[PDB]
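Participant: Here it is, the structure in full.
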Amino acid sequence: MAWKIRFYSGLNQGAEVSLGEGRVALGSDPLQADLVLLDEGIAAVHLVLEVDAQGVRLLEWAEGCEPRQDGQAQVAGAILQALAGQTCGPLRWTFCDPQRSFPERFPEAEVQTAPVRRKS
């Protein structure tokens, strides 16, 4: 198989799965999801990827979430980077080639500091 995925959230924490070529839907509904995710806030179809030998492409995701890669919002059609930290709301995951190892801890990202404004 082409790639493997590791989950770092929810009841899937620590799970690892090898992926062949084609469409991969992740979500809480087993009728619609290739990878069943059990966590609060996971949609019936939460995230849809297209996998081939060359890489992993982001296709679709649940309303109310924004897919991010090391904190940066991604758009439909983006090619995702192996071993970067992927998030989509509650879901945290990464992927890599079968000949490489996953980090034990989810990849930390440098996020810019938020502005704040005191209320009164």
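We label chains A, B, ... in the order they appear in the structure tokens, count residues from 1 in each chain, and number ligands from 1 in the order shown.
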Using only C-alpha atoms, which residues sit within 12 Å of residue A:101 once same-chain residues fewer than 4 positions away are excluded, as a short mmCIF file (atom, residue, chain, number, x, y, z; two decimals) with C-alpha atoms, in the first residue's frame?
Facilitator:
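The result, written out as around-v3.cif:
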data_model
loop_
_atom_site.label_atom_id
_atom_site.label_comp_id
_atom_site.auth_asym_id
_atom_site.auth_seq_id
_atom_site.Cartn_x
_atom_site.Cartn_y
_atom_site.Cartn_z
CA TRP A 3 0.69 5.54 2.67
CA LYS A 4 -0.17 5.02 6.31
CA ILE A 5 -2.17 7.25 8.66
CA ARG A 6 -1.88 7.68 12.44
CA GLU A 16 -2.56 3.29 12.54
CA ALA A 82 3.82 13.77 5.14
CA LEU A 83 4.50 14.03 8.88
CA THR A 94 -0.63 12.61 10.23
CA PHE A 95 0.49 10.36 7.41
CA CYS A 96 3.72 9.03 5.96
CA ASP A 97 5.30 6.50 3.65
CA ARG A 105 3.72 12.92 19.85
#
Participant: Counting only C-alpha atoms, what is within 12 Å of residue A:107, bar same-chain residues fewer than 5 positions away, as a PyMOL selection string?
Facilitator: chain A and resi 6-8+69-71+82-87+92-95+102
Participant: Got time to write the residues from that selection, C-alpha atoms, as a PDB file, in the first residue's frame?
Facilitator:
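The resulting result07.pdb:
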ATOM      1  CA  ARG A   6      -1.883   7.676  12.438  1.00  0.00           C
ATOM      2  CA  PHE A   7      -4.544   9.227  14.669  1.00  0.00           C
ATOM      3  CA  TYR A   8      -3.739  11.442  17.671  1.00  0.00           C
ATOM      4  CA  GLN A  69      -1.727  21.728   8.368  1.00  0.00           C
ATOM      5  CA  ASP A  70       0.608  22.918  11.131  1.00  0.00           C
ATOM      6  CA  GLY A  71      -2.086  25.479  11.925  1.00  0.00           C
ATOM      7  CA  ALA A  82       3.819  13.771   5.135  1.00  0.00           C
ATOM      8  CA  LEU A  83       4.495  14.026   8.878  1.00  0.00           C
ATOM      9  CA  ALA A  84       3.037  17.518   9.148  1.00  0.00           C
ATOM     10  CA  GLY A  85       0.368  17.924  11.828  1.00  0.00           C
ATOM     11  CA  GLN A  86      -3.090  17.719  10.248  1.00  0.00           C
ATOM     12  CA  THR A  87      -6.220  18.857  12.094  1.00  0.00           C
ATOM     13  CA  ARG A  92      -5.667  15.238  14.725  1.00  0.00           C
ATOM     14  CA  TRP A  93      -3.724  13.011  12.348  1.00  0.00           C
ATOM     15  CA  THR A  94      -0.629  12.613  10.228  1.00  0.00           C
ATOM     16  CA  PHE A  95       0.487  10.357   7.407  1.00  0.00           C
ATOM     17  CA  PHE A 102       5.485   8.158  13.055  1.00  0.00           C
TER      18      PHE A 102
END
Participant: Env of stretch 41-50 of chain A: 8 Å cut, atoms = only C-alpha atoms, seq-sep filter 4 positions within chain, self excluded. Answer as a ChimeraX atom specification.
Facilitator: /A:21-29,32-33,37,56-62,88-91
Participant: Record the distance separating atom CA of residue A:99 and atom CA of residue A:79, expressed in Å with one decimal.
Facilitator: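 One can read the atom CA of residue A:99 to atom CA of residue A:79 distance as 19.9 Å.
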Participant: Determine which residues of chain A DSSP labels as strand (DSSP E or B) from the backbone of this structure, then write them out as a PyMOL selection string.
Facilitator: chain A and resi 3-7+16-19+22-27+35-36+47-52+55-61+67-69+72-73+79-80+86-88+91-96
Participant: Measuring between only C-alpha atoms, which one of A:12, A:72, A:54, A:18 shows the shortest distance to residue A:111?
Facilitator: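 That would be A:72, the residue with the smallest distance to residue A:111.
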